[PDB]
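A short worksheet on the structure shown next.
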Number of protein chains: 4
Amino acid sequence: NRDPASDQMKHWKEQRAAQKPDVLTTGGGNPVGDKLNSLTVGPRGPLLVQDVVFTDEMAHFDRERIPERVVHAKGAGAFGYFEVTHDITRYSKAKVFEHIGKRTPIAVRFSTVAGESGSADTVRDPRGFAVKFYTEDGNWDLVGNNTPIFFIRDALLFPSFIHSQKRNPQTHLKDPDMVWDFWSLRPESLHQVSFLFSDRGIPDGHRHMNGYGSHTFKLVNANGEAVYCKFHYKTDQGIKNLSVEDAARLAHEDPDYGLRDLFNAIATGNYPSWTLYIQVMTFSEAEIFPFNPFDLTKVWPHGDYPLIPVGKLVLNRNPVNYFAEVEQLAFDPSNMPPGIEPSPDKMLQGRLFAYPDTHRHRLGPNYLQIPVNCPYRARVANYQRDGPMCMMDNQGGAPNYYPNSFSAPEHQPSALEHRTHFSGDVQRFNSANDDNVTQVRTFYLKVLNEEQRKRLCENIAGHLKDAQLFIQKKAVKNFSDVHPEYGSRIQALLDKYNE
Amino acid sequence: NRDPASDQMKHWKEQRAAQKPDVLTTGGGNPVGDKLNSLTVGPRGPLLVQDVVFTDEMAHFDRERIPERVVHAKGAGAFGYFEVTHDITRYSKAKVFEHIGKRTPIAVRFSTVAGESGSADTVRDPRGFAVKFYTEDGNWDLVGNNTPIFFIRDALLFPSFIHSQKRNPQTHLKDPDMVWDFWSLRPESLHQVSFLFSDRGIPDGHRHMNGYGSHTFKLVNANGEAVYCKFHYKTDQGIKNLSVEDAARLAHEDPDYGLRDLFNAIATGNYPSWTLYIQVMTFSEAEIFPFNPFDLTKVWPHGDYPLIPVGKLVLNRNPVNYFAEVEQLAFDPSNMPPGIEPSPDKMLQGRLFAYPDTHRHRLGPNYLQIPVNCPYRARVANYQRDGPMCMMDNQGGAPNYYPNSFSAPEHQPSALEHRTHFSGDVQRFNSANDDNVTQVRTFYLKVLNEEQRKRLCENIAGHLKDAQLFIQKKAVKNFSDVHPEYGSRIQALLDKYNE
Amino acid sequence: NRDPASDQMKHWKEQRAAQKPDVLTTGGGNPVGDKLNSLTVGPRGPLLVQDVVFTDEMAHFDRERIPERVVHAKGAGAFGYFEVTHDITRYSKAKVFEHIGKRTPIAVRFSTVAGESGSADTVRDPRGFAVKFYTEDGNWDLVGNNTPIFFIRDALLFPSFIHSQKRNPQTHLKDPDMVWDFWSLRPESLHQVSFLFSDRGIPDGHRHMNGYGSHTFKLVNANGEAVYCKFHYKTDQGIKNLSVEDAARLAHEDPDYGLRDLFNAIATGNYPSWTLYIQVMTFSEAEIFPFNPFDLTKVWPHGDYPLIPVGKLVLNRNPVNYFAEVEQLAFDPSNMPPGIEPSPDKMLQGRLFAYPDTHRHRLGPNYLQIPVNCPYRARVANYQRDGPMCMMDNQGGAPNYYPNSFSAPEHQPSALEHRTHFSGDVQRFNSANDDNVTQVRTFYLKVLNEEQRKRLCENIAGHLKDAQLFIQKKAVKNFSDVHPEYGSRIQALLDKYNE
Amino acid sequence: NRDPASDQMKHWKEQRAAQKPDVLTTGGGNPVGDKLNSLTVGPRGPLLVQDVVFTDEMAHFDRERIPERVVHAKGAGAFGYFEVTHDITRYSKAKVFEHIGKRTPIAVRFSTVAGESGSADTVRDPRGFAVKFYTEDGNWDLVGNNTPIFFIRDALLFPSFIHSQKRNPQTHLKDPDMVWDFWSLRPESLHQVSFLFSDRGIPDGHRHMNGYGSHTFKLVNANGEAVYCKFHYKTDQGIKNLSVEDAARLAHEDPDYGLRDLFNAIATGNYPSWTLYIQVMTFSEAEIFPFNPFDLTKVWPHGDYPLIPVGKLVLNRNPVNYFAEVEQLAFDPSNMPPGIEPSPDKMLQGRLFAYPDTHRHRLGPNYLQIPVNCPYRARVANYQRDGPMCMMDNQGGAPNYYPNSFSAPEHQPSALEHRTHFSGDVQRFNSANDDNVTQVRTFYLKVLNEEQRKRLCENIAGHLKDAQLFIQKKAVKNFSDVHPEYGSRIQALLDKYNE
Ligand code: HEM
């Protein structure tokens, strides 16, 4: 007897023993008479096109694959619910927060960032932690990571950052000179790079890590009053990490470690859960905040902005068909119910467009009619019609133009947005020189102990040693700009690694 | 008060008078507060990305269109049922003929051939008359025309023929030189051409024309015995045609004449219905038949192969959304249930590959998961998985391979195909010289009368006159090869049209 | 002999009389030995899969079609050059205006609006008139119509308007109730509706109509000084229209009238040409302008803003292949070279997204690598990589991220945008009741004469009569609000039409 | 200084030091003035739509990915030439074998089978060895593996075999039960499984393994005479293998080991090469051969059918952009020049369809117009037109139908296929019980030595122990059917592994 994942088929049969097997058909419902031998003219003769049983099956086999996600391609998924435990109705009128005890169906997808579909799970990388809330106001996607910050703060650098984290365009190899040339030319990355080369850069699966919206968002209550917030969801199973040596063994021992962990957990009843907190900032506090409160490379410290609890995320169901329910999951930061809205965070302003854009490419123009993506607890009605692979009644014979004298859907004025005043030149403002070291200094000195600082440097040096010396020299300098002992330790190790 | 088609929105509003209008939402189910005005900075300022209401609506509008059909693009649709009235179980075991009184749902498409989506209905053309039977053993797609025959008899000429009947690739205009250079270089077209330019070239809407499967097909009964057959469905409303004069007036007074006629008939309860017949040829009649009995340019004469009634087709329901239910309809001649099998007709052997093929391009790899296309009266079960726009549970966690020791679906030996014996070289055989005139001579002399022959010639000369002289000279010789006076009449009228 | 279009194939053969015909191949370059007869076992036997010549040719015929344009689907194309004849470098620094005498290649596509691929040319509808300039600074797409104004002034209403002008979702029939329910609930349409039912609603081919940029745009000279502008290109062949009586004859006698008139002109050396003008409005004239200067239902009167000439548009070359050079044409308003920039027109702003969006769907992710869409007089170099159907070297092994230390492309600071100050609430501002009648009154009284006013009203009532009475009454009211005699005339004609 | 692969960017900058960096443009050729900061309203404001520099680049990033190969996804590419060295023109007329010394440009792709794009290179799996010859008669794709044989012999079992070799449809994990349930239910796989689990299951990269075409193919000479042949291309660098211990270290130390080993070799002039041999079986010897000569699970022994040399394959060029030259590479077995034809092999017959079919999905309808797929040594001319992403003239204004009297391409009769006689019932013949053991027994006893048999069983037991007991027992039985001591040794080690 083995773990539950290995016994998948065994249980599919047992859960079925009472029935007779189904009749094996074509895609058109036509029963198949023999599907092990091809129609040929004679035992050693050629194949006929009259063999449409072969063409039907092969034709579909040939179209099985769709594009993998451009980022966060290697993923695990699970489904559960969100349950409200505390009252934050003064801040948000979102129905998903309406009363204590309110449950809402969720779907979660964990991921790495850089590796493709066949890569290993226990590698150094940020982790995705995307959560979709099926509310009565339409879906709410909270596309968060295992970290509160990112490496950049303008969306126009993002394709570049990703390119520098993936394969060299000629050799198709991971290229340290690309990784570090970028990071050293963009020191705003220093904060998240210090998180990444810490211990938490390799979590022991998906259940022992925290999630964060990382972005500043906006909450609007019933009076029309607004505050800015951060979301934190913290692991009730406790932070737990793999060491470098153990992560490396599992990388070839079990490439799908974090997939198998999550599936087995839920199957054995160990339902992982997370505690949803927010931080709140008023509009006033936002004007006096020392840094840019919409700079994704900055946290809101806890002492000044403590955590307010909201509710629990619980995962208690495994997917049944991985493709249908995880590969085809699509999270849009732009899916926001009334009560939740976006900040002016440059990076989040780019994500408002990019996600729906790529989903119409990766999955298709009507990807929101796929079941896991459908807002199935909301009544979807508008003037949008047709498109490839239209799957409902296409809203029937309703008038498809607005306004109209024939009683099709109407706009709901109470769902209008919060009005904010802005003034300034319409212009590309340079955010490369916002504070890039202060919060990092704090992390290095007051969050890490001495042993962790030591490991931080060894993990950095073990990867940076493969870059050229002019890149090393520049990266080390950025590290000295945080703390001279941060830089001179790294440089002591590189001096050895360089023989 | 007007015809019922014009009152569609009027009635749509009346059937809703009681309830309230729906909440107008995004495709994500998020209610919109205002959808007549965009999100801008100040009344005369620029448009914001934050306006995800606009993006969501505009983006879908931008994706409304799919590739029209490559032929038969102008279409009208309706729905109904097939009812058995006579017993032909001695020839076929197809569940759709199981017993008298048995109904099966059907869906029909009427079309022209050459015109694109906006072309007129009342033009000289063949008419598609495609019928989809939703049976228990999967779907059965009788994809016929309003002719028993076609212009050619080898599929390799089909892309060519169609190119010649569409727009010149530089000027994008209808070209008579193309049209008649082909027809006169392939005189196998004489038989169908004669049909086209007579009175039935322009039927008075789709309810006053017959439908034929034109190919020879194979029926198989419960003992394993097989016969060949032809399908005829004859209009119970009576053949009725339009004059060249009236067809040309309506071509600009109502380009959608046939579409309108069908909708209004059904809406006022005047339901159209056809009578399905079959002809039956034994295998040993097929060896002694004077022509090639699988020649798609040949009919089976009635005197020797009389019509055997089978039942009624009845259209009694209009589509609710034309796009979802008519435009996305996909018919595959290779959708054949046990009891119905292909002949060796070279032209039908091509259509077994072409239709599924083009449907994966026009509609999508999983187009059979579109409702109106679905085999909703059978159980689809097999080892096909994934593909873009997967719309069911993707078959669940069922074992995806075959054979297996876990009781996934099994093959049904009774559904094997009938086995024929064939012997001969594997090579390309020349069919350009099968009897191209005999059955036409009969049509011209014995079926048509004096006035119809006169009109047949006028209609041909009135379109052949715009081709070059060397092309007219050749066409006329092919016509002369049917009957001297056939050519003589056309050539006398051409001598006049050429001033 | 016949017109030059009809003789296209004749001339192709003549231009090749001297050579031998090419060898006919598969798409893989494998010569074909027979393509009229299919590979079969015996003369009357089944088709084989081994017949890759059939499948290679049938596979591509099955994928011949692409989605037609969602609007303006029916179009005609030609190519030529733009030439500067006057100096407007004090307003715009764009390299297409640099000096008198400079020539830039162009590509033009004329079109109707609503009719699909097969509809008639000679119908009442606006006419598209899009102009692609191939600049050294990249492409410039002046996507114009044959009117200065449009029916609506907010992009959100654009799907609706179109839906109302196209087919009823259930009957697939042009619906008068949809047309006028919309127009009568949105009286901003009054201006362009009076343009459309006037003599210029049906132009006599594409050479006898003007072209307008319609939108206000922004020009920026070398000093950084900016003005607002309007592009008018006026036919050098003279305004010429068709009467309702003749347009309806041709609509069935020659559906492709405009397409034939443009090819035949060019082929016979009668090259059509236009004269490009601008209006100019300083930022300070924009502030005092009585209406909203960015309202697309409004014109700038000539007395206050006279026409300034710029150059000539000349069309002097037909397409060689219509699909590759016309059907696949893609104009993006957003393609704007330094010195030409958008105004805050709500409609234009919307079009900045729409066109690239739909072109990725209609043509594909890399649609700008199609030769006719290529900026083949600039040097494209950036950090975009891959995609479906990637056709060049994909920019080689160049570093693919930015910034980088390995000398891949750099930004050009002189090509930054003009900076404008905006201030206001971010909200949805209601423009429904900007002045809707003033400039229409002027048109009805001062531009048309007695006869033309008569025909304008007969054309409006000849179409509005089919709508319901409550829709009629409302429209007429909207027409009275322009002038009592406007709506009263229409109402007198409607009274007769309603028997 | 480092290896060449890591100095890629270093050498790109050096090879450019003379010139100045290009101007960074949009896709449309428009220079950008700042691509590090986004267009906003005030420094902490929201993002505008008229930031088309952002949109244009993100929209393409969002569409960088295409579908991965449905098998053999992980790959490494190189280009070179094929040079004839011996005269086989008595067997084949193919222009690639015309004379000694004749060179042809080639392109080769190496791969594994079951891992996705991200997986490691040093795992136990077959290896792809696909060769594209660009001959004057079009392209010749020889789609070969590093084995003479394969696991199955009917293509209707392919999708299933591949499903079992990949991931569980619910857990997304590698599932030994699926692996061995399939293999133990289809003992035909015994031959190739004993190859897979010997030392050659893991090659030391791609330069130290042989190539084979596995399938019997047909050769046809200038006289029309045919023979059946096998292609073997052996490594001039020598067979060399990784041990299980080192293959696993490298699977985490360098996932891309085989890719780097090829690139560094070519870059340093150590060009790998292969020797091309054929075996030859006359049609007479094919009637008396002891097994089925077209049984993909059978080799032709060397004693009876010796290797006949042909020429060399040499890889002396790396790719410059991996995506454009290696990921978009498409190989079709059906690309076969005159002189080379398929044999009736049931598995090859299915590859004649499957590959073009998946290539139209994976890449697109016109994937043969992608440079590296272009038959650029041959002249493509025919009657195929249009399609998504049509990239050349589209063959201009040339007549698009055949036959025609206007001098478009003609068929070449000498390119016709060899005619073979076939006689037999058209049915599905069982091939499950062709001799499944005999050649395996020879391998085990006569090809392997003592040590190698021991490791063969250890490799097998290490993997089979994770399957259920009932699957183990059945697999061992199939190994006892080869040789009692084969099944014995495996059962003694499974007894230990099961504690
Ligand atoms: C402007 C900056 C960014 C851009 C342009 C961007 C772009 C993308 C794209 C195109 C995808 C693919 C989505 C799909 O295929 O369905 C994706 C996935 C994802 N992104 Fe980002 N991203 C950005 C920053 C971020 C940030 C700040 C976070 C978290 C705070 C994040 C978290 C994720 C996650 C978790 C996924 C995987 C979603 C899934 O499992 O389907 N990304 N991103």
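Labels used: A, B, ... for chains in the order of the structure tokens, numbers from 1 for residues in each chain, and numbers from 1 for ligands as shown.
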(message) Need the shell around residue 358 (chain B): protein/DNA/RNA residues with any atom at most 7 Å away, counting only C-alpha atoms. Skip same-chain ones fewer than 4 positions apart. Format as a PyMOL selection string?
(response) (chain B and resi 354+362) or (chain C and resi 62-63)
(message) Should the cut-off be 6 Å, what would the residue list for chain C against chain B look like, counting only C-alpha atoms, as a PyMOL selection string?
(response) chain C and resi 36-43+45-46+62+65-67+116-119+156+169-170+252+320-322+344+358+424-429
(request) Write out as a PyMOL selection string which residues come within 7 Å of residue 88 (chain B) when counting only C-alpha atoms, dropping same-chain ones fewer than 2 positions away. (result) chain B and resi 86+90-92+97+310
(message) Can you measure CA of residue 245 (chain B) to CA of residue 180 (chain B) for me? One decimal in Å is fine.
(response)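 If I compute the distance from CA of residue 245 (chain B) to CA of residue 180 (chain B), I get 23.4 Å.
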(request) Can you pull out every residue within 12 Å of residue 89 (chain B), counting only C-alpha atoms, but drop anything in the same chain fewer than 5 positions away, and send it as a PyMOL selection string? (result) chain B and resi 84+94-100+219-223+225-226+310+339-340
(request) Return as a PyMOL selection string the full set of residues in region 228-402 of chain B whose backbone-based DSSP assignment is strand (DSSP E). (result) chain B and resi 228-235+273-281+308-317+340-342
(request) Return the single residue from A:72, A:434, A:229, A:405 that is closest to residue 184 (chain C), with distances computed using only C-alpha atoms. (result) A:405
Which residues are close to residue 464 (chain C), i.e. within 10 Å by only C-alpha atoms, leaving aside same-chain residues fewer than 6 positions away? Reply as a PDB file with N, CA, C and O atoms, in the first residue's frame.
```pdb
ATOM      1  N   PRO C 176     -35.362  47.292 -39.061  1.00  0.00           N
ATOM      2  CA  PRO C 176     -35.545  48.753 -38.934  1.00  0.00           C
ATOM      3  C   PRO C 176     -35.784  49.229 -37.504  1.00  0.00           C
ATOM      4  O   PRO C 176     -35.330  50.320 -37.131  1.00  0.00           O
ATOM      5  N   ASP C 177     -36.500  48.448 -36.693  1.00  0.00           N
ATOM      6  CA  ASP C 177     -36.741  48.847 -35.311  1.00  0.00           C
ATOM      7  C   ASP C 177     -35.429  49.006 -34.551  1.00  0.00           C
ATOM      8  O   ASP C 177     -35.277  49.927 -33.742  1.00  0.00           O
ATOM      9  N   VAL C 179     -32.570  49.797 -35.904  1.00  0.00           N
ATOM     10  CA  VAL C 179     -31.859  50.948 -36.454  1.00  0.00           C
ATOM     11  C   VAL C 179     -32.356  52.238 -35.807  1.00  0.00           C
ATOM     12  O   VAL C 179     -31.566  53.068 -35.337  1.00  0.00           O
ATOM     13  N   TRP C 180     -33.673  52.425 -35.768  1.00  0.00           N
ATOM     14  CA  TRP C 180     -34.216  53.714 -35.349  1.00  0.00           C
ATOM     15  C   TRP C 180     -34.506  53.798 -33.859  1.00  0.00           C
ATOM     16  O   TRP C 180     -34.481  54.904 -33.304  1.00  0.00           O
ATOM     17  N   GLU C 458     -37.524  62.465 -48.142  1.00  0.00           N
ATOM     18  CA  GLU C 458     -38.057  61.271 -48.784  1.00  0.00           C
ATOM     19  C   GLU C 458     -37.186  60.055 -48.492  1.00  0.00           C
ATOM     20  O   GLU C 458     -37.702  58.946 -48.337  1.00  0.00           O
ATOM     21  N   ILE C 471     -41.639  54.412 -32.321  1.00  0.00           N
ATOM     22  CA  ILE C 471     -40.283  54.749 -32.748  1.00  0.00           C
ATOM     23  C   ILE C 471     -40.319  55.883 -33.765  1.00  0.00           C
ATOM     24  O   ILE C 471     -39.471  56.785 -33.746  1.00  0.00           O
ATOM     25  N   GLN C 472     -41.295  55.845 -34.675  1.00  0.00           N
ATOM     26  CA  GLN C 472     -41.464  56.920 -35.645  1.00  0.00           C
ATOM     27  C   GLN C 472     -41.647  58.258 -34.948  1.00  0.00           C
ATOM     28  O   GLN C 472     -40.896  59.213 -35.174  1.00  0.00           O
ATOM     29  N   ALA C 475     -38.478  59.659 -33.373  1.00  0.00           N
ATOM     30  CA  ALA C 475     -37.511  60.165 -34.336  1.00  0.00           C
ATOM     31  C   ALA C 475     -37.965  61.507 -34.894  1.00  0.00           C
ATOM     32  O   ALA C 475     -37.198  62.479 -34.925  1.00  0.00           O
ATOM     33  N   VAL C 476     -39.223  61.583 -35.331  1.00  0.00           N
ATOM     34  CA  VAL C 476     -39.730  62.821 -35.917  1.00  0.00           C
ATOM     35  C   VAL C 476     -39.558  63.980 -34.945  1.00  0.00           C
ATOM     36  O   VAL C 476     -39.133  65.075 -35.332  1.00  0.00           O
ATOM     37  N   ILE C 490     -41.044  65.104 -42.951  1.00  0.00           N
ATOM     38  CA  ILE C 490     -40.916  63.674 -42.715  1.00  0.00           C
ATOM     39  C   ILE C 490     -42.238  63.087 -42.240  1.00  0.00           C
ATOM     40  O   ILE C 490     -42.620  61.983 -42.641  1.00  0.00           O
ATOM     41  N   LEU C 494     -44.509  60.123 -43.839  1.00  0.00           N
ATOM     42  CA  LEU C 494     -44.825  58.939 -43.053  1.00  0.00           C
ATOM     43  C   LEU C 494     -46.328  58.710 -42.993  1.00  0.00           C
ATOM     44  O   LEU C 494     -46.787  57.563 -42.995  1.00  0.00           O
ATOM     45  N   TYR C 497     -47.182  56.870 -46.091  1.00  0.00           N
ATOM     46  CA  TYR C 497     -46.580  55.544 -46.060  1.00  0.00           C
ATOM     47  C   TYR C 497     -47.306  54.615 -45.098  1.00  0.00           C
ATOM     48  O   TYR C 497     -47.338  53.400 -45.317  1.00  0.00           O
TER      49      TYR C 497
END
```
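The shortest atom-to-atom distance to residue 438 (chain B), with only C-alpha atoms taken into account, belongs to B:297 out of B:297, B:214, B:382, B:112.
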(request) Please run DSSP on the backbone and report, as a PyMOL selection string, all residues within region 132-169 of chain B that come out as alpha helix (DSSP H). (result) chain B and resi 158-165
(message) Quick one: residues within 12 Å of residue 302 (chain B), only C-alpha atoms, excluding same-chain residues fewer than 4 positions away - as a ChimeraX atom specification?
(response) /B:230,232,277-281,306-308
(message) Report, in Å with one decimal, the straight-line distance from CA of residue 244 (chain C) to CA of residue 460 (chain C).
(response)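 Value for the CA of residue 244 (chain C)-CA of residue 460 (chain C) distance: 12.1 Å.
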